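Please read the structure below before turning to the comments.
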Amino acid sequence: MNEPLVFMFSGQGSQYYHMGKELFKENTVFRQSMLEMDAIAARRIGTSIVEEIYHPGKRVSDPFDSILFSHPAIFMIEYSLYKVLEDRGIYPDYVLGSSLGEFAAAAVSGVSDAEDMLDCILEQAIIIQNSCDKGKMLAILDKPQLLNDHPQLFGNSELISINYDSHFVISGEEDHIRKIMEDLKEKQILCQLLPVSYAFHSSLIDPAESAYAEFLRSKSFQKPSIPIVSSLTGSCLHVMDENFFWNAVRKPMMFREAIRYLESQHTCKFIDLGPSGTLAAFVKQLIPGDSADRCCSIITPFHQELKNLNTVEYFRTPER
Amino acid sequence: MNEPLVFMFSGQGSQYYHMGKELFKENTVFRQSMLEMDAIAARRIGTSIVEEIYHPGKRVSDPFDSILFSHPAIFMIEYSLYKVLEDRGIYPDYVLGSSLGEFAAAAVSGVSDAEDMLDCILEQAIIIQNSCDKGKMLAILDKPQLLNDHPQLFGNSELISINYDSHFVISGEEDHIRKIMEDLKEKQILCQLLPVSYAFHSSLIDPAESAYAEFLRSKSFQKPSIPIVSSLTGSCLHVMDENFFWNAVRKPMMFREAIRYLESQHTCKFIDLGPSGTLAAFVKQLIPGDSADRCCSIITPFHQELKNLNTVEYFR
Ligand SMILES: [Zn+2]
Numbered sequence: 001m002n003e004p005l006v007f008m009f010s011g012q013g014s015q016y017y018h019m020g021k022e023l024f025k026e027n028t029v030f031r032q033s034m035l036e037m038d039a040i041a042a043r044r045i046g047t048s049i050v051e052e053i054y055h056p057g058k059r060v061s062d063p064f065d066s067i068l069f070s071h072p073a074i075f076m077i078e079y080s081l082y083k084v085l086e087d088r089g090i091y092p093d094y095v096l097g098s099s100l101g102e103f104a105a106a107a108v109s110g111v112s113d114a115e116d117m118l119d120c121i122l123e124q125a126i127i128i129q130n131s132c133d134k135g136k137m138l139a140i141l142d143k144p145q146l147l148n149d150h151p152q153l154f155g156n157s158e159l160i161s162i163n164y165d166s167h168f169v170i171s172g173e174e175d176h177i178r179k180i181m182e183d184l185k186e187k188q189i190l191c192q193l194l195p196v197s198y199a200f201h202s203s204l205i206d207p208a209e210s211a212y213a214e215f216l217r218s219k220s221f222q223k224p225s226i227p228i229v230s231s232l233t234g235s236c237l238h239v240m241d242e243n244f245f246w247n248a249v250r251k252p253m254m255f256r257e258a259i260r261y262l263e264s265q266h267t268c269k270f271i272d273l274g275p276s277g278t279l280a281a282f283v284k285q286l287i288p289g290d291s292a293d294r295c296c297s298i299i300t301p302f303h304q305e306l307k308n309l310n311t312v313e314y315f316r317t318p319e320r
Numbered sequence: 001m002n003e004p005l006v007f008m009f010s011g012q013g014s015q016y017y018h019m020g021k022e023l024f025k026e027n028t029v030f031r032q033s034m035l036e037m038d039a040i041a042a043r044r045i046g047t048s049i050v051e052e053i054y055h056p057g058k059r060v061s062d063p064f065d066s067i068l069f070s071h072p073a074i075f076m077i078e079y080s081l082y083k084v085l086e087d088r089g090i091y092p093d094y095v096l097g098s099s100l101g102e103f104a105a106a107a108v109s110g111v112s113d114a115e116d117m118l119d120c121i122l123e124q125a126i127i128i129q130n131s132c133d134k135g136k137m138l139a140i141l142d143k144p145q146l147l148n149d150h151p152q153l154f155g156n157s158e159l160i161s162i163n164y165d166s167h168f169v170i171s172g173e174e175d176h177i178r179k180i181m182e183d184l185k186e187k188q189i190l191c192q193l194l195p196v197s198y199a200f201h202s203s204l205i206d207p208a209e210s211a212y213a214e215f216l217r218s219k220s221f222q223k224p225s226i227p228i229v230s231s232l233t234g235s236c237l238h239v240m241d242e243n244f245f246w247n248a249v250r251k252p253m254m255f256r257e258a259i260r261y262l263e264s265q266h267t268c269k270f271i272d273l274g275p276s277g278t279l280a281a282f283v284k285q286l287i288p289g290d291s292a293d294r295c296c297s298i299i300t301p302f303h304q305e306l307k308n309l310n311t312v313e314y315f316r
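One line per chain: the protein sequences are A and F, in this order.
Counting in PDB author numbering, the first sequence runs from 1 upward without gaps.
Counting in PDB author numbering, the second sequence runs from 1 upward without gaps.
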């Protein structure tokens, strides 16, 4: 059978400075799409998003956690990379959204156009920046069974995602998270802060739900034309409720269930279109080890986008 | 009034003589659709499918088991009724295919147009008739646990479908099925033969696979546009393999998993577009008893299709 293409889109936590710079400099489709969306975003943020992403004084290791810039930046990078692949004749059989990536998945699917989805992202960043306290998300490089056997180790935090057997993310207030990190160090449990400044996917961003739901009622969305698999439900969506784009950042995620659903009906090929290749790394942990060739990423801090795009050419579906 | 509409399509075993005769007589859209497809199928079979469906010398209780007529008849009835609903502005959010009903669901959703689906069905009946031995299908009105506790009662048969807690169907050779029936009656276990002359959904129609697969490779089908939930897979369906329309008649079915998948996302309303209301009865058993008014059938041997069409219009 022709193995279907899954386009995967990641969300908050996967961005980094200079993500996709080689595509921005050497690929006209990518650069044009980034500059087009930059004009829309500069009107609402007050300055170029692009110039912040590629600021020469900021390094990959400098956490790119400002919500006003990272929200638009993640969508712009992802949709621009979609445009590169579409222009080359590489089309998705499914799109998989994760966290803020649900927005890019929805735009690629046709639920809305890129300009309206970008606006919904800009609005959500501004509404959160005005009404919510700052917060943190922490990845635990260990077994999620720890949550059951030592629940007091993780007090004052909420579990938002289990990504594979040895990776899960929690979300909470800044001092609460920093105290958990102190406690985990004394237990020799390895962890890593995500480069974010809000406790996404937890109740600590609830102060923004009312204003965003108000905002979402002034919008009108189309039904998906490309099958969307959503990390919010772990399953494909065809009927979409009115608060979906809030739940995209508020509700916990079901990424493993999403991947299981796709591997249940066919042996898929997975392309990570989000920065860092976060979701391709998760998928590789969730499928048989010999099947790692079914999964690649494009935009990574190795800045090998052009070489990685040539790798993706082998995923092209046959004729006959 | 925001809970999604599911259009359901049954397959072999649900047909009966004089299906939807009141619609064929009184509904211009239904009649028009039936006669257009009858012309097409006549060029391939030789005679009229419709005149067989409404054979005046046949009663509802006479098994409509002639494959060359029953195959196209199920699709023609189901697609024609769909046209009646579309004409009334009642549109599906989902189509659900069961056995031969997957052809209708595929046609409604846009996988193929009605004429091409009808052609794939006719070729299937002809190939199966020309290559396969006859067989039988038996519904058992008792708990599927019987197959585990007393597997000796069902030897020489294949389980093809469990529909709810007190209904499953097996498939096998004519005499093998007749022996199972005799043994089930010594156990006071009630059963009922389906009106089919072939052991559908079992290995006994395998002699027809290579010819039908060869025929399929001369066809090109589109991506679904309307969401399809398939009893073949028990889940939503988006990318079909080459053998899908053969598996629609060859593989066991997972109707309960499909209904479970549909209720796991949202609370649906189910409209049975297949004859006899077979799928509607199954769903009533699979969802809470309070939710019986979420299931409607239309074409039943009571010949109340017009009254049922008024009922369903309160669904949208
Ligand atoms: Zn689906």
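Here a beta-carbon is modelled for each residue, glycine too, at the ideal position from N, C-alpha and C.
- Looking at the DSSP output, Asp-272 (chain A) bridges to A:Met-8, A:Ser-297.
- Within 8 Å of the CB of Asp-93 (chain A), the CB atoms of chain F belong to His-238, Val-239, in sequence order along the chain.
- Taking C-alpha positions only, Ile-45 (chain F) is separated from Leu-68 (chain F) by approximately 7 Å.
- If you draw a straight line from the Cα of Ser-264 (chain F) to the Cα of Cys-236 (chain F), it is about 12 Å long.
- Ordered along the chain, residues surrounding ligand 1 are A:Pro-227, A:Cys-236, A:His-238, F:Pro-227, F:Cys-236, F:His-238 [Cβ under 6 Å from any heavy atom].
- In this structure, the straight-line span from the alpha carbon of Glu-305 (chain F) to that of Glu-102 (chain F) is close to 22 Å.
- Proximity of the region 200-212 of chain F to the region 132-148 of chain F meets the contact definition, three or more beta-carbon pairs being nearer than 8 Å.
- Below the 9 Å Cβ cutoff, chain A contributes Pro-227, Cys-236, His-238, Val-239 as neighbours of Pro-227 (chain F), in chain order.
- The C-alpha of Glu-22 (chain F) lies about 16 Å from the C-alpha of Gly-277 (chain F).
- Neighbours of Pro-195 (chain F) across chain A, judged by C-beta separation under 8 Å, do not exist; the nearest C-beta is about 32 Å away.
- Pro-56 (chain A) counts as exposed, since fewer than 16 other C-beta atoms from the protein chains shown sit within 10 angstroms of its C-beta.
- For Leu-193 (chain A), the closest C-alpha among the options A:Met-1, A:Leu-35, A:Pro-288, A:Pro-63 is that of A:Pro-63.
- One alpha carbon belongs to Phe-30 (chain A), the other to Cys-268 (chain F), and they sit about 42 Å apart.
- In this structure, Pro-195 (chain A) sits near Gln-15 (chain A), with a CB-CB distance shorter than 8 Å.
- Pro-4 (chain F) belongs to the set of residues whose beta carbon lies under 8 Å from a beta carbon in chain A.
- By alpha-carbon distance to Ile-180 (chain F), the top candidate from F:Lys-83, F:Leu-35, F:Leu-147, F:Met-76 is F:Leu-147.
- Here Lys-83 (chain F) is near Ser-33 (chain F), since their CB atoms are less than 8 Å apart.
- With fewer than 16 other CB atoms across the displayed protein chains lying within 10 angstroms of its CB, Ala-292 (chain A) is exposed.
- Contact note: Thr-233 (chain F) reaches chain A through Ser-264, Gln-265, using a C-beta cutoff of 9 Å and chain order.
- In the DSSP assignment, the residues bridged to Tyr-94 (chain A) are A:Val-6.
- Taking the CA atoms as reference points, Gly-234 (chain F) sits about 5 Å from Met-254 (chain F).
- Between the region 78-94 of chain A and the region 4-11 of chain A there are three or more inter-stretch CB-CB distances shorter than 8 Å, so the stretches are counted as touching.
- Contact with chain F is found for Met-1 (chain A), since one of that chain's Cβ atoms lies less than 8 Å from the residue's Cβ.
- Taking C-beta atoms as the reference points, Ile-298 (chain F) and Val-283 (chain F) fail to come closer than 8 Å.
- Note that the region 209-226 of chain A does not touch the region 163-174 of chain A; fewer than 3 beta-carbon pairs, one per stretch, sit closer than 8 Å.
- About 4 Å separates the beta carbons of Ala-125 (chain F) and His-71 (chain F), which is inside the 8 Å limit, making them a contact pair.
- Fully contained in the region 206-238 of chain F are the following beta strand (DSSP E) runs of length 3 or more, in chain order: 228-230, 235-237.
- Annotation: the continuous alpha helix (DSSP H) that includes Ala-281 (chain A) extends over 278-286.
- Residue nearest to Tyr-261 (chain A) within the set A:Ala-248, A:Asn-247, A:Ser-231, A:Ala-281 is A:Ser-231 (criterion: CA-CA distance).
- Here the C-alpha atom of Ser-161 (chain A) lies approximately 10 Å from the C-alpha atom of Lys-251 (chain A).
- For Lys-187 (chain F), there is no enclosing alpha helix (DSSP H), as DSSP gives it neither H nor E.
- Note that the C-beta distance between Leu-279 (chain F) and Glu-78 (chain F) is not below 8 Å.
- 8 Å or more divides the Cβ of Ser-99 (chain A) from the Cβ of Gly-172 (chain A).
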